[PDB]
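Below: the structure, in structure tokens.
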Amino acid sequence: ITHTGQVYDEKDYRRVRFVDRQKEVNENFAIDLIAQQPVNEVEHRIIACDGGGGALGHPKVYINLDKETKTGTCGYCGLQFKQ
Amino acid sequence: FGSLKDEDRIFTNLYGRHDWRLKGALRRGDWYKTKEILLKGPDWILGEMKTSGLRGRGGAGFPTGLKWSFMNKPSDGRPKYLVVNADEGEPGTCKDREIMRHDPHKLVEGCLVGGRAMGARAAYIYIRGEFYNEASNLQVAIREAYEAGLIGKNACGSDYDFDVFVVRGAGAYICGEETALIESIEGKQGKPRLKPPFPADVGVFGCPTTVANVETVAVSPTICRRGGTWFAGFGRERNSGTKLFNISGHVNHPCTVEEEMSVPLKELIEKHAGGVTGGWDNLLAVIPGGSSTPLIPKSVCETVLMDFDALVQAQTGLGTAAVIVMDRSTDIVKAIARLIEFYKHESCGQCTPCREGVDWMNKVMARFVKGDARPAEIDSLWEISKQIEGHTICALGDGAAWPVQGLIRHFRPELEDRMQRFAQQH
Amino acid sequence: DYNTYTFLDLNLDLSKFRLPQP
Amino acid sequence: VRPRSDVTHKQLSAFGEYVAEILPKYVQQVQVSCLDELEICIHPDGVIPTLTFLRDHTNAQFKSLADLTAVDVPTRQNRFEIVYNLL
Amino acid sequence: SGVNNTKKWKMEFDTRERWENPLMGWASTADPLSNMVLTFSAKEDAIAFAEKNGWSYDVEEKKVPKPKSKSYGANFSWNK
Amino acid sequence: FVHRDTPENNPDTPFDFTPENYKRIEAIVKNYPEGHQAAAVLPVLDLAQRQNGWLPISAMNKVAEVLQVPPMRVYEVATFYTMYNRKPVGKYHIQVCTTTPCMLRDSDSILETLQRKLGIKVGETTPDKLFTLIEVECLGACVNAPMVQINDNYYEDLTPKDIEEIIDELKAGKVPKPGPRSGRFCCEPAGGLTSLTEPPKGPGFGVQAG
Amino acid sequence: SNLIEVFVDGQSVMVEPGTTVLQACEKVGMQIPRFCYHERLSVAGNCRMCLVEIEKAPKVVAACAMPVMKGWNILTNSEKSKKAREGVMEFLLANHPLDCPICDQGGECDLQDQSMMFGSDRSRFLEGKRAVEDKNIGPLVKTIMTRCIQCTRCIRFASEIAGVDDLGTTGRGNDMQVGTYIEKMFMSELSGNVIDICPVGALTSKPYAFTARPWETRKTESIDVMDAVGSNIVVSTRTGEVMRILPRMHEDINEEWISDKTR
Amino acid sequence: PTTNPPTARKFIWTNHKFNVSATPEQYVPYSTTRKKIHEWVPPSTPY
Amino acid sequence: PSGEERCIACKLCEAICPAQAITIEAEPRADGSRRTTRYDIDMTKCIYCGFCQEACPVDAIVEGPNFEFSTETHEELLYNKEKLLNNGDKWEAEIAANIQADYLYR
Ligand SMILES: Cc1cc2nc3c(=O)[nH]c(=O)nc-3n(C[C@H](O)[C@H](O)[C@H](O)COP(=O)(O)O)c2cc1C
Ligand code: SF4
Ligand code: SF4
Ligand code: SF4
Ligand code: FES
Ligand code: FES
Ligand SMILES: [Zn+2]
């Protein structure tokens, strides 16, 4: 159910906690939300993902998009870029 | 002073004009007293070198005699060796390309004359692979010599047995370095070693070894023939003998001519070679020893003379004595910038200070040519420059820092204006 | 004019002269 | 880097010697930190005597007790290090 | 490769139960002397602390790296 | 510097020294001290290139076996030096020297001339694969500043036009008089010898006794 | 006999002839900041982060590689030997990708600490950085090699401690990347030690990728039971489940190394 | 908010809720980590 | 903005929390990305210092404007990743405006 497949077993009693209450979960899951964003087709071997917004984003990092097969993915945003 | 006589010059075959092959060499009488000299013994030969006062002739001008002497210590059961670097990579150096191509023999007897001085079992000549044709010339010459019996067992009538080999370089400036020539000879990657295990002590293949600029090996037979005194007389004090001078760039007749070392610079371009293109007044700067040495601006040139002592007083190095001249028609900021590009495309990357430092100066230098960088950045490069100068495993990082230091030292106002020019147009 | 193997083949020719190995 | 006046490190140092001389039966070590603070160290028996001299001496009146504390160095045989700070 | 944490002796009490907490899954411990590690400068002083406090002790001798001979020349040995 | 196996450039391309080449390899090994065959890596690897300009990963592997050296070692040497292609290369493979000495004597012009002459941009090769243009660094021969190394030859002291002439010679026919296509002989003073004007000396001259 | 006396800041330590300058400082107790020098790996001199200043000498010397000589005073903390570290650390950091909150050698970094202790507080590298394509060296070691400080301890271990002789340097300049030229996995026992021996977090462990962070890990010293060498090991436990087993040094049994199986 | 509206980011809620504490919508804390020590389930086939 | 949670589990928000409130355990997500399996701020333990706001490199954990979250039961005050992420989604518009106003100062 949750982001990590956290689902109390059919016999676990913490399910009593959810009795007469809502088990809080978020419909918007990141694993999926990042996928939607398309691969950025940059034209330089190495590009940088400042995180969007500079100081309001994530530490700046340079990605090597040299591997033709795969696409570079910022360890921070998850945004992907291909040459 | 200067004005060496052609008669007292060493490579008469310079500029060709005489068969680089043996016959022409016999008329030159290059192989005249070789048997006798070797018969004299290792010590006597090395002694003549000391008397000569001959310095390096290659990159750093270490006293040749003392250096070679370091392997005149008794053999410890490992064959001693001779390595004659002919990489000739320092930008501006065609100095060596001559002896190798024009007068291969002089170097062949230089090798055996030098060999008995160090008691080397054999000599390997690392001519840069770029010069394939050059190689063709020397082993033809080496083949002639053995056919004659001048080299090999029973070398020139001497019980001394010396074998000379030629090794292919593969387009690396660093291969030139003394510890790195060895590793290329050893077959590993061309990465210099640290000096604590000195080259004589740990040799190639763990056998004592010594490395000489081809010019240094070539003059040893003629210096023994002419005697240290004759040679030592030509130079000024510590700086001695006559060193070939290669003048390239912004000069009317660029050429390599050998002249009395300690020859005034304003004169070198004036008497041999040719006048500074556009008049001596059109001299923005000159780099006396090649790319590694700092360039000196014109004020100093009129006064400075080409000898290593005088240059170190001037803060520049005689080095390979390659004179590169820059008229007032050149963007020095870009001239030196390509030399830093020359060093980023070439340093081995073994040591942290050169690897990142030379790349760091390249990035800053490219911005400096554009003028994008602010004025405060200029003194930073200075600080980046000396971090690289004293911390590097080899001298190339030493060499990369000096041109940067020269540009800031004498042309700081021009770089500031390029700084200013870009800021104004926004 | 020289061939691609000039250096190597010339050397092989010199092998006979080459003094004995260490 | 903090500004340091050596006037104090000299004044306090001298006083340290003065105290030590006057109370040599108990003062073991007298040091001035690099922070210009004196720290006479006394044998436990000198608790009464050293304090009293400081509370009632014309050339060293130390009327109020800022604090009494005890660091505990377990390694040290004498575990506690009673420290009395006076003004 | 720093050795500044291998200098002072430490005596550490034996590890005890760390059961998972049902409501949040946080680790839960019933042993008070667990997180306590006292630092003593010398082996003799630490042994003393155990004896007077009455805790059982099992001292482990310090093991320091043995001297190792190194020299850059070796790597370029004729025959290694 | 990563060899991602490709059908063309990968060991499926079998490599083996022609019988003659192997003979050459043997001599090369003889020069070095016995027990130090590994030292012949550079020379042997070059021979491989002579055989096949591409010098594919398979070739590197063969070199290793021939010299009984770890495969990685061959790779290090190949990826370190620059005279090794490690890819397919043009029949002519011209290289233009662009260090400051040459540039100061207008090397850039030559490169530009070639770019359009060749019709190919630097770092690239012609469609017929006849010519590959590379901006190489100091190739020595600085005195004859304007200079380029076509294949093994060193064409020197060239004015833009001269190259076009040379390239044409290469494009139709062969052996286009490789060398400095200028009036000067080698690296002499262009106008006239500043020295070495007089005849050379003779054996024994000014020789100290013995 | 065989006991030169060298002074480390005037402490007259005495060392067997042959001891390096770094080793001389160790017996006094001082520790030269070092990268690319491991006790049981050959001296290489790649980093030059250990430059010290022997007294009355023009240039600073390489600690890990300089045979000490009689009389020398090391001046390890000399204003000079601090510029010789304040300026090297400038370089290692310049091409470094700042993903320290990705680098799971977060608190286990000999490059942040040697930077927080022996280096400067800021940066002047206003230029751009570099990036090196990663490599799938294996299923145990995750090589995010854009982190590599080209210290060549891997290439040594992979040749000297283990006889793999596969890892090697490829190229020259600032794009010397120390990864297998062709993609051949580093398959050997003793493989996981590369993780422990790379001070940078370029190549680290793939199973223990992001499960923890070292300050939290409670470290209990125990014995290897997978094999009969009985190698000493430290089991790093967080909140009661083991997170990592890494080696702890036993001169006689496992001297800083453990098998691929038992970690 | 009318004058300068806020940035919309295609995850932000459109119906914001008040304190749901007394109502059954309330957060009930739970560990989101999965099991750690999986166990050997016996063999269901009689030996 | 894309929808990928900012936290990359560097876990120094846990390191600098004065009260030991934040508990983080992580594992590489299927995507291969670094993410926190469990992020639990115990608000009763938290003393609202705001250092976590300070420490985060990606600034994933922020001190949100709402002060009215009084709860009938003690368990509700303990917050897991889902409540905080939901709290983040609800107040993101104002949090973004607040960080926008104060980032130059920091
Ligand atoms: C980066 C670098 C490149 C060098 N290139 C050459 C060269 O091309 N030719 C040369 O003779 N020496 C060169 N040297 C100097 C050699 O390392 C060595 O000092 C010299 O060849 C010794 O010869 P000598 O005793 O005749 O001076 C170079 C040094 C460095 C650091
Ligand atoms: S290695 Fe990992 S941790 Fe150490 S500095 Fe580089 S990134 Fe930060
Ligand atoms: S990988 Fe680790 S060890 Fe191998 S070089 Fe890069 S940093 Fe040094
Ligand atoms: S919250 Fe900020 S700091 Fe705490 S882990 Fe996630 S990212 Fe690192
Ligand atoms: S620079 Fe082109 S010849 Fe040396
Ligand atoms: S430790 Fe001194 S060179 Fe790296
Ligand atoms: Zn990103």
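If you're wondering about the labels, chains in the structure tokens are A, B, ... by order shown, residues count from 1 in each chain, ligands from 1 in order shown.
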Check every residue of chain E for an atom within 12 Å of chain I, counting only C-alpha atoms, and provide those that qualify as a short mmCIF file (atom, residue, chain, number, x, y, z; two decimals) with C-alpha atoms, in the first residue's frame.
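Generated output (result.cif):
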```
data_model
loop_
_atom_site.label_atom_id
_atom_site.label_comp_id
_atom_site.auth_asym_id
_atom_site.auth_seq_id
_atom_site.Cartn_x
_atom_site.Cartn_y
_atom_site.Cartn_z
CA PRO E 22 4.97 -2.37 18.27
CA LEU E 23 3.43 1.14 17.71
CA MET E 24 6.26 2.79 15.69
CA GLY E 25 8.88 0.06 15.06
CA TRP E 26 11.58 2.06 16.94
CA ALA E 27 14.25 -0.03 18.72
#
```
Could you name the residues that touch residue C:15 at 8 Å or less, counting only C-alpha atoms, but leaving out those on the same chain fewer than 6 positions away, as a ChimeraX atom specification?
/F:27,30-31
Quick one: residues within 8 Å of ligand 1, with only C-alpha atoms and all ligand atoms, as a VMD selection string?
chain B and resid 55 to 64 67 84 to 90 93 173 to 181 211 to 217 320 347 394 to 399
Residues of stretch 109-208 of chain F classed as helix (DSSP H, G or I) by DSSP on the backbone are to be reported as a VMD selection string.
chain F and resid 109 to 118 160 to 171
With only C-alpha atoms and all ligand atoms as the basis for distance, which of G:6, G:162, G:44, G:60 is at the shortest distance from ligand 6?
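Of the candidates, the smallest distance to ligand 6 is held by G:44.
For the pair atom CA of residue B:110 and atom CA of residue C:19, the separation is 18.4 Å.
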Selection: 12 Å around residue H:35, only C-alpha atoms, excl. self and same-chain fewer than 2 positions, as a PyMOL selection string
(chain A and resi 4-9) or (chain E and resi 20+25) or (chain G and resi 241) or (chain H and resi 31-33+37-39) or (chain I and resi 37)
Tell me, in Å to one decimal, how far atom CA of residue F:22 is from atom CA of residue B:168.
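Atom CA of residue B:168 lies at a distance of 17.6 Å from atom CA of residue F:22.
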Non-local contacts of stretch 5-13 of chain H (8 Å; only C-alpha atoms; under 5 positions in same chain excluded) as a ChimeraX atom specification
/A:28 /I:1-3,89-90,92-94,97
Within 9 Å of ligand 3, counting only C-alpha atoms and all ligand atoms, which protein or nucleic acid residues do you find, written as a VMD selection string?
chain G and resid 35 to 36 143 145 to 157 167 to 169 177 to 179 194 to 204
Which protein, DNA or RNA residues have an atom within 10 Å of ligand 6, counting only C-alpha atoms and all ligand atoms, as a ChimeraX atom specification?
/B:194,351-352,393 /G:21-22,32-38,43-52,61-66,151-153
Within 9 Å of residue H:24 using only C-alpha atoms, minus same-chain residues under 4 positions, as number ranges by chain
A: 20-22; H: 20
Next, dump the selected residues to file, keeping only N, CA and C atoms, as an mmCIF file, in the first residue's frame.
```cif
data_model
loop_
_atom_site.group_PDB
_atom_site.id
_atom_site.type_symbol
_atom_site.label_atom_id
_atom_site.label_comp_id
_atom_site.auth_asym_id
_atom_site.auth_seq_id
_atom_site.Cartn_x
_atom_site.Cartn_y
_atom_site.Cartn_z
ATOM 1 N N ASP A 20 -11.599 1.559 12.931
ATOM 2 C CA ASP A 20 -12.306 2.803 13.199
ATOM 3 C C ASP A 20 -11.421 4.022 12.967
ATOM 4 N N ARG A 21 -10.434 3.902 12.082
ATOM 5 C CA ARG A 21 -9.568 5.036 11.762
ATOM 6 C C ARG A 21 -8.908 4.916 10.379
ATOM 7 N N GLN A 22 -8.402 6.022 9.870
ATOM 8 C CA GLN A 22 -7.810 5.982 8.548
ATOM 9 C C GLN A 22 -6.330 5.729 8.614
ATOM 10 N N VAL H 20 -8.425 16.499 12.013
ATOM 11 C CA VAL H 20 -9.241 15.302 11.850
ATOM 12 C C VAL H 20 -9.145 14.374 13.055
#
```
Around ligand 2, which protein and nucleic acid residues have at least one atom no more than 9 Å from it, if we count only C-alpha atoms and all ligand atoms? List them as a ChimeraX atom specification.
/G:93,96-113,115,147-149,199-202
Can you spit out the residues from that selection as a PDB file, in the first residue's frame, using N, CA and C atoms?
```
ATOM      1  N   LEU G  93      39.447  18.676  -3.978  1.00  0.00           N
ATOM      2  CA  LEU G  93      38.046  19.157  -3.934  1.00  0.00           C
ATOM      3  C   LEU G  93      37.576  19.815  -5.230  1.00  0.00           C
ATOM      4  N   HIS G  96      35.981  17.454  -7.482  1.00  0.00           N
ATOM      5  CA  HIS G  96      35.131  16.504  -6.722  1.00  0.00           C
ATOM      6  C   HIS G  96      33.639  16.837  -6.894  1.00  0.00           C
ATOM      7  N   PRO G  97      32.721  15.862  -7.102  1.00  0.00           N
ATOM      8  CA  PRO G  97      31.277  16.091  -7.165  1.00  0.00           C
ATOM      9  C   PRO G  97      30.723  16.100  -5.757  1.00  0.00           C
ATOM     10  N   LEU G  98      30.094  17.201  -5.362  1.00  0.00           N
ATOM     11  CA  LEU G  98      29.615  17.340  -3.989  1.00  0.00           C
ATOM     12  C   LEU G  98      28.232  16.695  -3.899  1.00  0.00           C
ATOM     13  N   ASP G  99      28.279  15.397  -3.587  1.00  0.00           N
ATOM     14  CA  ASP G  99      27.155  14.531  -3.299  1.00  0.00           C
ATOM     15  C   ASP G  99      27.503  13.644  -1.986  1.00  0.00           C
ATOM     16  N   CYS G 100      27.857  14.467  -1.006  1.00  0.00           N
ATOM     17  CA  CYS G 100      28.382  13.936   0.245  1.00  0.00           C
ATOM     18  C   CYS G 100      27.114  13.355   0.863  1.00  0.00           C
ATOM     19  N   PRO G 101      25.932  13.969   0.740  1.00  0.00           N
ATOM     20  CA  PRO G 101      24.709  13.295   1.204  1.00  0.00           C
ATOM     21  C   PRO G 101      24.217  12.183   0.295  1.00  0.00           C
ATOM     22  N   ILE G 102      24.949  11.841  -0.758  1.00  0.00           N
ATOM     23  CA  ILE G 102      24.792  10.569  -1.450  1.00  0.00           C
ATOM     24  C   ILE G 102      25.913   9.611  -1.083  1.00  0.00           C
ATOM     25  N   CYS G 103      27.095  10.148  -0.851  1.00  0.00           N
ATOM     26  CA  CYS G 103      28.279   9.339  -0.660  1.00  0.00           C
ATOM     27  C   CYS G 103      28.067   8.719   0.705  1.00  0.00           C
ATOM     28  N   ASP G 104      27.818   7.408   0.712  1.00  0.00           N
ATOM     29  CA  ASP G 104      27.627   6.694   1.972  1.00  0.00           C
ATOM     30  C   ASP G 104      28.904   6.517   2.897  1.00  0.00           C
ATOM     31  N   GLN G 105      30.016   6.966   2.319  1.00  0.00           N
ATOM     32  CA  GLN G 105      31.257   7.161   3.067  1.00  0.00           C
ATOM     33  C   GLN G 105      31.128   8.624   3.478  1.00  0.00           C
ATOM     34  N   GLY G 106      30.020   8.924   4.147  1.00  0.00           N
ATOM     35  CA  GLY G 106      29.789  10.264   4.638  1.00  0.00           C
ATOM     36  C   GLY G 106      30.685  10.625   5.801  1.00  0.00           C
ATOM     37  N   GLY G 107      30.458  10.001   6.951  1.00  0.00           N
ATOM     38  CA  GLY G 107      31.357  10.146   8.079  1.00  0.00           C
ATOM     39  C   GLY G 107      32.598   9.286   8.018  1.00  0.00           C
ATOM     40  N   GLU G 108      32.684   8.403   7.026  1.00  0.00           N
ATOM     41  CA  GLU G 108      33.814   7.501   6.823  1.00  0.00           C
ATOM     42  C   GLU G 108      34.696   7.984   5.684  1.00  0.00           C
ATOM     43  N   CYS G 109      34.863   9.297   5.582  1.00  0.00           N
ATOM     44  CA  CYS G 109      35.628   9.928   4.521  1.00  0.00           C
ATOM     45  C   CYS G 109      36.937  10.447   5.090  1.00  0.00           C
ATOM     46  N   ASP G 110      38.045   9.956   4.550  1.00  0.00           N
ATOM     47  CA  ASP G 110      39.351  10.504   4.861  1.00  0.00           C
ATOM     48  C   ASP G 110      39.662  11.749   4.032  1.00  0.00           C
ATOM     49  N   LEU G 111      38.696  12.244   3.250  1.00  0.00           N
ATOM     50  CA  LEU G 111      38.848  13.456   2.462  1.00  0.00           C
ATOM     51  C   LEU G 111      38.067  14.680   2.911  1.00  0.00           C
ATOM     52  N   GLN G 112      36.928  14.497   3.594  1.00  0.00           N
ATOM     53  CA  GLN G 112      36.276  15.606   4.268  1.00  0.00           C
ATOM     54  C   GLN G 112      36.978  16.005   5.549  1.00  0.00           C
ATOM     55  N   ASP G 113      37.384  14.970   6.286  1.00  0.00           N
ATOM     56  CA  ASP G 113      38.027  15.182   7.564  1.00  0.00           C
ATOM     57  C   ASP G 113      39.402  15.722   7.366  1.00  0.00           C
ATOM     58  N   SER G 115      40.009  17.391   5.210  1.00  0.00           N
ATOM     59  CA  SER G 115      39.732  18.722   4.685  1.00  0.00           C
ATOM     60  C   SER G 115      39.232  19.618   5.758  1.00  0.00           C
ATOM     61  N   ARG G 147      33.769  10.055  -8.166  1.00  0.00           N
ATOM     62  CA  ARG G 147      34.291  10.369  -6.823  1.00  0.00           C
ATOM     63  C   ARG G 147      35.837  10.188  -6.713  1.00  0.00           C
ATOM     64  N   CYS G 148      36.345   9.198  -7.442  1.00  0.00           N
ATOM     65  CA  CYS G 148      37.799   8.886  -7.466  1.00  0.00           C
ATOM     66  C   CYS G 148      38.814  10.022  -7.415  1.00  0.00           C
ATOM     67  N   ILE G 149      39.743   9.987  -6.457  1.00  0.00           N
ATOM     68  CA  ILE G 149      40.820  11.012  -6.411  1.00  0.00           C
ATOM     69  C   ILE G 149      42.082  10.434  -7.032  1.00  0.00           C
ATOM     70  N   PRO G 199      39.600   5.531   0.155  1.00  0.00           N
ATOM     71  CA  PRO G 199      39.153   6.484   1.184  1.00  0.00           C
ATOM     72  C   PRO G 199      37.985   7.317   0.726  1.00  0.00           C
ATOM     73  N   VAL G 200      37.963   7.640  -0.557  1.00  0.00           N
ATOM     74  CA  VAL G 200      36.812   8.223  -1.202  1.00  0.00           C
ATOM     75  C   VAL G 200      35.700   7.188  -1.296  1.00  0.00           C
ATOM     76  N   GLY G 201      34.466   7.673  -1.418  1.00  0.00           N
ATOM     77  CA  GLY G 201      33.318   6.800  -1.549  1.00  0.00           C
ATOM     78  C   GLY G 201      32.923   6.577  -2.992  1.00  0.00           C
ATOM     79  N   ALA G 202      33.921   6.540  -3.870  1.00  0.00           N
ATOM     80  CA  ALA G 202      33.674   6.345  -5.291  1.00  0.00           C
ATOM     81  C   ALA G 202      33.074   4.982  -5.548  1.00  0.00           C
TER      82      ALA G 202
END
```
Kindly work out which residues sit at most 6 Å from ligand 5, using only C-alpha atoms and all ligand atoms, and give the list as an mmCIF file with N, CA and C atoms, in the first residue's frame.
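To be explicit, this is the file written out as selection24.cif:
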```cif
data_model
loop_
_atom_site.group_PDB
_atom_site.id
_atom_site.type_symbol
_atom_site.label_atom_id
_atom_site.label_comp_id
_atom_site.auth_asym_id
_atom_site.auth_seq_id
_atom_site.Cartn_x
_atom_site.Cartn_y
_atom_site.Cartn_z
ATOM 1 N N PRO B 91 58.012 22.326 -26.484
ATOM 2 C CA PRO B 91 57.576 23.115 -27.626
ATOM 3 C C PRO B 91 58.657 24.100 -28.023
ATOM 4 N N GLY B 92 59.031 24.109 -29.293
ATOM 5 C CA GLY B 92 60.060 25.014 -29.759
ATOM 6 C C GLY B 92 61.384 24.324 -29.965
ATOM 7 N N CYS F 97 49.931 20.600 -36.552
ATOM 8 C CA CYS F 97 50.530 21.070 -35.314
ATOM 9 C C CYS F 97 49.955 22.431 -34.956
ATOM 10 N N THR F 98 49.434 22.567 -33.740
ATOM 11 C CA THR F 98 48.780 23.839 -33.347
ATOM 12 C C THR F 98 49.310 24.328 -32.001
ATOM 13 N N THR F 99 50.566 24.024 -31.662
ATOM 14 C CA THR F 99 51.139 24.593 -30.413
ATOM 15 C C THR F 99 51.474 26.061 -30.691
ATOM 16 N N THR F 100 51.803 26.839 -29.661
ATOM 17 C CA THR F 100 52.011 28.299 -29.873
ATOM 18 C C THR F 100 53.060 28.557 -30.963
ATOM 19 N N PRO F 101 54.209 27.850 -31.039
ATOM 20 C CA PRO F 101 55.223 28.190 -32.035
ATOM 21 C C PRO F 101 54.589 28.181 -33.427
ATOM 22 N N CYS F 102 53.910 27.098 -33.786
ATOM 23 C CA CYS F 102 53.267 27.012 -35.091
ATOM 24 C C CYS F 102 52.180 28.065 -35.234
ATOM 25 N N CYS F 138 52.542 19.755 -30.466
ATOM 26 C CA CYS F 138 53.885 19.918 -31.029
ATOM 27 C C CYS F 138 54.442 18.618 -31.593
ATOM 28 N N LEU F 139 54.747 18.606 -32.883
ATOM 29 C CA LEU F 139 55.277 17.412 -33.520
ATOM 30 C C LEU F 139 56.753 17.576 -33.763
ATOM 31 N N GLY F 140 57.376 18.513 -33.058
ATOM 32 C CA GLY F 140 58.772 18.799 -33.339
ATOM 33 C C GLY F 140 58.737 19.401 -34.724
ATOM 34 N N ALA F 141 59.871 19.807 -35.267
ATOM 35 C CA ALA F 141 59.855 20.482 -36.560
ATOM 36 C C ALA F 141 59.235 21.864 -36.376
ATOM 37 N N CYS F 142 59.384 22.419 -35.175
ATOM 38 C CA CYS F 142 58.830 23.739 -34.881
ATOM 39 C C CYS F 142 59.483 24.829 -35.709
ATOM 40 N N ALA F 145 57.900 26.252 -38.717
ATOM 41 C CA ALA F 145 56.634 26.341 -37.976
ATOM 42 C C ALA F 145 55.394 25.832 -38.682
#
```
Ligand 4: which residues are within 6 Å, counting only C-alpha atoms and all ligand atoms, as a list in words?
residues 7, 8, 9, 10, 11, 12, 13, 56, 57, 58, 59, 60 and 61 of chain I
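Around ligand 7, the neighbouring residues within 9 Å, taking only C-alpha atoms and all ligand atoms, come to residues 48, 49, 50, 51, 52, 57, 58, 59, 60, 61, 73, 74, 75, 76, 77, 78, 79 and 80 of chain A.
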At a cut-off of 8 Å, list the chain G residues touching chain E, using only C-alpha atoms, as a list in words.
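Close enough to count are residues 18, 19, 20, 39, 40, 42, 43, 44, 65, 67, 110, 199, 239, 240, 249, 250 and 251 of chain G.
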